[PDB]
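Peer 1: Before I ask anything, let me first share the structure, which is written out below as structure tokens.
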Protein chains: 2
Amino acid sequence: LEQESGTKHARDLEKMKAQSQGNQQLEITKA
Amino acid sequence: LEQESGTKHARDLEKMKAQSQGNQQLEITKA
């Protein structure tokens, strides 16, 4: 079910999107 | 089915395209 519906992809895609969003911390504080 | 139709490739191709698009954050804020 996870693979058929693309749930695993959305599970994976939304994962490192947070990792990319983790770099927001540096420019939030220093700007 | 995923491999025959190229779904797995499009699953993989659209994955790190977001990772490449993750670098847009740096130039969005600092420009």
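Letters A, B, ... mark the chains of the structure tokens in the order given; residue numbers begin at 1 per chain; ligand numbers begin at 1, in order shown.
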Residues of chain B were defined as contacting chain A if any atom lay at most 10 Å from it, counting only C-alpha atoms; please report them as a PyMOL selection string.
Peer 2: chain B and resi 1-2+11-12+14-16+18-26+29-30
Peer 1: Given identical sequences, can you show me chain B least-squares superposed on chain A via all its Cα atoms in order, as a PDB file with N, CA and C atoms, in the first residue's frame?
Peer 2:
```pdb
ATOM      1  N   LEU B   1       0.821  -1.207   0.000  1.00  0.00           N
ATOM      2  CA  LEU B   1       0.000   0.000   0.001  1.00  0.00           C
ATOM      3  C   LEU B   1       0.855   1.259   0.000  1.00  0.00           C
ATOM      4  N   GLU B   2       1.931   1.276   0.789  1.00  0.00           N
ATOM      5  CA  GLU B   2       2.770   2.467   0.846  1.00  0.00           C
ATOM      6  C   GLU B   2       3.401   2.765  -0.507  1.00  0.00           C
ATOM      7  N   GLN B   3       3.870   1.731  -1.204  1.00  0.00           N
ATOM      8  CA  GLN B   3       4.513   1.961  -2.492  1.00  0.00           C
ATOM      9  C   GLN B   3       3.497   2.247  -3.590  1.00  0.00           C
ATOM     10  N   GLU B   4       2.356   1.555  -3.574  1.00  0.00           N
ATOM     11  CA  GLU B   4       1.365   1.744  -4.629  1.00  0.00           C
ATOM     12  C   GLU B   4       0.832   3.169  -4.640  1.00  0.00           C
ATOM     13  N   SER B   5       0.529   3.714  -3.466  1.00  0.00           N
ATOM     14  CA  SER B   5      -0.047   5.047  -3.361  1.00  0.00           C
ATOM     15  C   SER B   5       1.000   6.149  -3.371  1.00  0.00           C
ATOM     16  N   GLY B   6       2.282   5.806  -3.461  1.00  0.00           N
ATOM     17  CA  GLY B   6       3.311   6.813  -3.333  1.00  0.00           C
ATOM     18  C   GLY B   6       3.533   7.295  -1.921  1.00  0.00           C
ATOM     19  N   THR B   7       2.957   6.609  -0.931  1.00  0.00           N
ATOM     20  CA  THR B   7       3.127   7.020   0.457  1.00  0.00           C
ATOM     21  C   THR B   7       4.589   6.952   0.870  1.00  0.00           C
ATOM     22  N   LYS B   8       5.285   5.888   0.466  1.00  0.00           N
ATOM     23  CA  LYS B   8       6.697   5.752   0.806  1.00  0.00           C
ATOM     24  C   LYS B   8       7.516   6.895   0.221  1.00  0.00           C
ATOM     25  N   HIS B   9       7.197   7.313  -1.006  1.00  0.00           N
ATOM     26  CA  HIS B   9       7.890   8.450  -1.600  1.00  0.00           C
ATOM     27  C   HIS B   9       7.621   9.720  -0.805  1.00  0.00           C
ATOM     28  N   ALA B  10       6.343  10.025  -0.561  1.00  0.00           N
ATOM     29  CA  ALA B  10       6.004  11.184   0.257  1.00  0.00           C
ATOM     30  C   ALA B  10       6.573  11.049   1.660  1.00  0.00           C
ATOM     31  N   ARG B  11       6.658   9.820   2.167  1.00  0.00           N
ATOM     32  CA  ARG B  11       7.378   9.580   3.409  1.00  0.00           C
ATOM     33  C   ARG B  11       8.841   9.978   3.271  1.00  0.00           C
ATOM     34  N   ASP B  12       9.469   9.618   2.152  1.00  0.00           N
ATOM     35  CA  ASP B  12      10.877   9.930   1.951  1.00  0.00           C
ATOM     36  C   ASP B  12      11.051  11.391   1.546  1.00  0.00           C
ATOM     37  N   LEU B  13      10.187  11.892   0.659  1.00  0.00           N
ATOM     38  CA  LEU B  13      10.340  13.256   0.157  1.00  0.00           C
ATOM     39  C   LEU B  13      10.228  14.278   1.281  1.00  0.00           C
ATOM     40  N   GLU B  14       9.242  14.112   2.160  1.00  0.00           N
ATOM     41  CA  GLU B  14       9.076  15.060   3.254  1.00  0.00           C
ATOM     42  C   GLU B  14      10.137  14.896   4.333  1.00  0.00           C
ATOM     43  N   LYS B  15      10.984  13.875   4.236  1.00  0.00           N
ATOM     44  CA  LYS B  15      12.007  13.644   5.246  1.00  0.00           C
ATOM     45  C   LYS B  15      13.143  14.653   5.131  1.00  0.00           C
ATOM     46  N   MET B  16      13.910  14.604   4.041  1.00  0.00           N
ATOM     47  CA  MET B  16      15.046  15.510   3.942  1.00  0.00           C
ATOM     48  C   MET B  16      14.645  16.911   3.511  1.00  0.00           C
ATOM     49  N   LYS B  17      13.383  17.122   3.135  1.00  0.00           N
ATOM     50  CA  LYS B  17      12.885  18.484   3.007  1.00  0.00           C
ATOM     51  C   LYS B  17      13.014  19.215   4.336  1.00  0.00           C
ATOM     52  N   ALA B  18      12.750  18.512   5.443  1.00  0.00           N
ATOM     53  CA  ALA B  18      13.041  19.064   6.761  1.00  0.00           C
ATOM     54  C   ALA B  18      14.539  19.255   6.958  1.00  0.00           C
ATOM     55  N   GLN B  19      15.346  18.319   6.450  1.00  0.00           N
ATOM     56  CA  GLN B  19      16.795  18.477   6.523  1.00  0.00           C
ATOM     57  C   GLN B  19      17.244  19.719   5.766  1.00  0.00           C
ATOM     58  N   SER B  20      16.684  19.944   4.575  1.00  0.00           N
ATOM     59  CA  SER B  20      16.941  21.189   3.862  1.00  0.00           C
ATOM     60  C   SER B  20      16.407  22.383   4.641  1.00  0.00           C
ATOM     61  N   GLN B  21      15.213  22.247   5.222  1.00  0.00           N
ATOM     62  CA  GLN B  21      14.668  23.294   6.076  1.00  0.00           C
ATOM     63  C   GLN B  21      15.460  23.468   7.363  1.00  0.00           C
ATOM     64  N   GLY B  22      16.319  22.508   7.712  1.00  0.00           N
ATOM     65  CA  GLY B  22      17.164  22.673   8.882  1.00  0.00           C
ATOM     66  C   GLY B  22      18.197  23.767   8.714  1.00  0.00           C
ATOM     67  N   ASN B  23      18.587  24.056   7.472  1.00  0.00           N
ATOM     68  CA  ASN B  23      19.523  25.140   7.208  1.00  0.00           C
ATOM     69  C   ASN B  23      18.901  26.515   7.402  1.00  0.00           C
ATOM     70  N   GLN B  24      17.579  26.595   7.561  1.00  0.00           N
ATOM     71  CA  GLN B  24      16.937  27.871   7.852  1.00  0.00           C
ATOM     72  C   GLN B  24      17.378  28.442   9.193  1.00  0.00           C
ATOM     73  N   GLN B  25      17.862  27.593  10.103  1.00  0.00           N
ATOM     74  CA  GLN B  25      18.242  28.055  11.435  1.00  0.00           C
ATOM     75  C   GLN B  25      19.377  29.069  11.377  1.00  0.00           C
ATOM     76  N   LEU B  26      20.355  28.841  10.497  1.00  0.00           N
ATOM     77  CA  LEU B  26      21.521  29.718  10.439  1.00  0.00           C
ATOM     78  C   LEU B  26      21.132  31.136  10.039  1.00  0.00           C
ATOM     79  N   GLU B  27      20.280  31.274   9.019  1.00  0.00           N
ATOM     80  CA  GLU B  27      19.899  32.602   8.554  1.00  0.00           C
ATOM     81  C   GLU B  27      18.779  33.219   9.378  1.00  0.00           C
ATOM     82  N   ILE B  28      18.072  32.426  10.185  1.00  0.00           N
ATOM     83  CA  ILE B  28      17.079  33.000  11.086  1.00  0.00           C
ATOM     84  C   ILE B  28      17.765  33.784  12.197  1.00  0.00           C
ATOM     85  N   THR B  29      18.847  33.235  12.750  1.00  0.00           N
ATOM     86  CA  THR B  29      19.506  33.861  13.891  1.00  0.00           C
ATOM     87  C   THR B  29      20.437  34.992  13.467  1.00  0.00           C
ATOM     88  N   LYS B  30      21.189  34.803  12.385  1.00  0.00           N
ATOM     89  CA  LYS B  30      22.260  35.723  12.023  1.00  0.00           C
ATOM     90  C   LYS B  30      21.807  36.868  11.125  1.00  0.00           C
ATOM     91  N   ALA B  31      20.530  36.931  10.762  1.00  0.00           N
ATOM     92  CA  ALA B  31      20.035  38.027   9.935  1.00  0.00           C
ATOM     93  C   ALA B  31      19.292  39.059  10.777  1.00  0.00           C
TER      94      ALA B  31
END
```
Peer 1: Report the residues of chain A whose backbone DSSP state falls under helix (DSSP H, G or I), written as a list in words.
Peer 2: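 Restricting chain A to helix (DSSP H, G or I) produces residues 7, 8, 9, 10, 11, 12, 13, 14, 15, 16, 17, 18, 19, 20, 21, 22, 24, 25, 26, 27, 28, 29 and 30 of chain A.
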Peer 1: Write to file, as a PDB file, in the first residue's frame, the residues of the selection just made, with N, CA, C and O atoms.
Peer 2:
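This is the output file out25.pdb:
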```pdb
ATOM      1  N   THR A   7       2.957   6.609  -0.931  1.00  0.00           N
ATOM      2  CA  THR A   7       3.127   7.020   0.457  1.00  0.00           C
ATOM      3  C   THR A   7       4.589   6.952   0.870  1.00  0.00           C
ATOM      4  O   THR A   7       5.098   7.863   1.530  1.00  0.00           O
ATOM      5  N   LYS A   8       5.285   5.887   0.466  1.00  0.00           N
ATOM      6  CA  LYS A   8       6.697   5.751   0.805  1.00  0.00           C
ATOM      7  C   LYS A   8       7.516   6.895   0.220  1.00  0.00           C
ATOM      8  O   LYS A   8       8.441   7.399   0.867  1.00  0.00           O
ATOM      9  N   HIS A   9       7.197   7.312  -1.005  1.00  0.00           N
ATOM     10  CA  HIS A   9       7.890   8.450  -1.600  1.00  0.00           C
ATOM     11  C   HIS A   9       7.621   9.719  -0.805  1.00  0.00           C
ATOM     12  O   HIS A   9       8.554  10.426  -0.410  1.00  0.00           O
ATOM     13  N   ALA A  10       6.343  10.025  -0.561  1.00  0.00           N
ATOM     14  CA  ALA A  10       6.004  11.183   0.258  1.00  0.00           C
ATOM     15  C   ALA A  10       6.573  11.048   1.660  1.00  0.00           C
ATOM     16  O   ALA A  10       6.932  12.052   2.285  1.00  0.00           O
ATOM     17  N   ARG A  11       6.658   9.819   2.167  1.00  0.00           N
ATOM     18  CA  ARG A  11       7.378   9.579   3.409  1.00  0.00           C
ATOM     19  C   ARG A  11       8.841   9.978   3.271  1.00  0.00           C
ATOM     20  O   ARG A  11       9.404  10.624   4.160  1.00  0.00           O
ATOM     21  N   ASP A  12       9.469   9.617   2.152  1.00  0.00           N
ATOM     22  CA  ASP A  12      10.877   9.930   1.950  1.00  0.00           C
ATOM     23  C   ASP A  12      11.051  11.391   1.547  1.00  0.00           C
ATOM     24  O   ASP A  12      11.951  12.074   2.049  1.00  0.00           O
ATOM     25  N   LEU A  13      10.187  11.892   0.660  1.00  0.00           N
ATOM     26  CA  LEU A  13      10.340  13.255   0.157  1.00  0.00           C
ATOM     27  C   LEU A  13      10.228  14.278   1.281  1.00  0.00           C
ATOM     28  O   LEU A  13      11.022  15.222   1.357  1.00  0.00           O
ATOM     29  N   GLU A  14       9.242  14.112   2.160  1.00  0.00           N
ATOM     30  CA  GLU A  14       9.076  15.060   3.254  1.00  0.00           C
ATOM     31  C   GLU A  14      10.136  14.896   4.333  1.00  0.00           C
ATOM     32  O   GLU A  14      10.183  15.711   5.260  1.00  0.00           O
ATOM     33  N   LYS A  15      10.984  13.874   4.236  1.00  0.00           N
ATOM     34  CA  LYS A  15      12.007  13.644   5.246  1.00  0.00           C
ATOM     35  C   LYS A  15      13.143  14.653   5.131  1.00  0.00           C
ATOM     36  O   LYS A  15      13.322  15.487   6.025  1.00  0.00           O
ATOM     37  N   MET A  16      13.910  14.604   4.041  1.00  0.00           N
ATOM     38  CA  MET A  16      15.047  15.510   3.941  1.00  0.00           C
ATOM     39  C   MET A  16      14.645  16.911   3.511  1.00  0.00           C
ATOM     40  O   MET A  16      15.496  17.806   3.516  1.00  0.00           O
ATOM     41  N   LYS A  17      13.383  17.121   3.135  1.00  0.00           N
ATOM     42  CA  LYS A  17      12.885  18.484   3.007  1.00  0.00           C
ATOM     43  C   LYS A  17      13.014  19.214   4.336  1.00  0.00           C
ATOM     44  O   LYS A  17      13.369  20.397   4.374  1.00  0.00           O
ATOM     45  N   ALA A  18      12.751  18.513   5.443  1.00  0.00           N
ATOM     46  CA  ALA A  18      13.042  19.064   6.761  1.00  0.00           C
ATOM     47  C   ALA A  18      14.540  19.255   6.957  1.00  0.00           C
ATOM     48  O   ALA A  18      14.972  20.239   7.569  1.00  0.00           O
ATOM     49  N   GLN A  19      15.345  18.319   6.450  1.00  0.00           N
ATOM     50  CA  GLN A  19      16.795  18.478   6.523  1.00  0.00           C
ATOM     51  C   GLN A  19      17.244  19.720   5.766  1.00  0.00           C
ATOM     52  O   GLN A  19      18.089  20.481   6.251  1.00  0.00           O
ATOM     53  N   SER A  20      16.685  19.944   4.575  1.00  0.00           N
ATOM     54  CA  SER A  20      16.942  21.190   3.862  1.00  0.00           C
ATOM     55  C   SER A  20      16.407  22.384   4.641  1.00  0.00           C
ATOM     56  O   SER A  20      17.066  23.427   4.725  1.00  0.00           O
ATOM     57  N   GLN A  21      15.213  22.248   5.222  1.00  0.00           N
ATOM     58  CA  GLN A  21      14.669  23.295   6.076  1.00  0.00           C
ATOM     59  C   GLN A  21      15.460  23.468   7.363  1.00  0.00           C
ATOM     60  O   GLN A  21      15.281  24.482   8.047  1.00  0.00           O
ATOM     61  N   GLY A  22      16.320  22.508   7.713  1.00  0.00           N
ATOM     62  CA  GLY A  22      17.165  22.673   8.882  1.00  0.00           C
ATOM     63  C   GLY A  22      18.197  23.768   8.715  1.00  0.00           C
ATOM     64  O   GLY A  22      18.648  24.357   9.702  1.00  0.00           O
ATOM     65  N   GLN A  24      17.580  26.595   7.561  1.00  0.00           N
ATOM     66  CA  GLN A  24      16.938  27.872   7.852  1.00  0.00           C
ATOM     67  C   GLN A  24      17.378  28.443   9.194  1.00  0.00           C
ATOM     68  O   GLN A  24      17.282  29.656   9.398  1.00  0.00           O
ATOM     69  N   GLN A  25      17.862  27.594  10.103  1.00  0.00           N
ATOM     70  CA  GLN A  25      18.241  28.055  11.435  1.00  0.00           C
ATOM     71  C   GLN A  25      19.377  29.069  11.377  1.00  0.00           C
ATOM     72  O   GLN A  25      19.381  30.052  12.126  1.00  0.00           O
ATOM     73  N   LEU A  26      20.356  28.842  10.497  1.00  0.00           N
ATOM     74  CA  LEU A  26      21.522  29.718  10.439  1.00  0.00           C
ATOM     75  C   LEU A  26      21.131  31.137  10.039  1.00  0.00           C
ATOM     76  O   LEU A  26      21.592  32.113  10.643  1.00  0.00           O
ATOM     77  N   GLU A  27      20.280  31.274   9.019  1.00  0.00           N
ATOM     78  CA  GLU A  27      19.900  32.602   8.554  1.00  0.00           C
ATOM     79  C   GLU A  27      18.780  33.219   9.379  1.00  0.00           C
ATOM     80  O   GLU A  27      18.549  34.428   9.275  1.00  0.00           O
ATOM     81  N   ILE A  28      18.073  32.426  10.185  1.00  0.00           N
ATOM     82  CA  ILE A  28      17.079  33.001  11.086  1.00  0.00           C
ATOM     83  C   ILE A  28      17.765  33.784  12.198  1.00  0.00           C
ATOM     84  O   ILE A  28      17.339  34.890  12.554  1.00  0.00           O
ATOM     85  N   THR A  29      18.848  33.235  12.750  1.00  0.00           N
ATOM     86  CA  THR A  29      19.506  33.861  13.891  1.00  0.00           C
ATOM     87  C   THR A  29      20.437  34.992  13.468  1.00  0.00           C
ATOM     88  O   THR A  29      20.473  36.045  14.116  1.00  0.00           O
ATOM     89  N   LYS A  30      21.189  34.804  12.386  1.00  0.00           N
ATOM     90  CA  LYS A  30      22.260  35.724  12.023  1.00  0.00           C
ATOM     91  C   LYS A  30      21.807  36.868  11.125  1.00  0.00           C
ATOM     92  O   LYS A  30      22.637  37.706  10.756  1.00  0.00           O
TER      93      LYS A  30
END
```
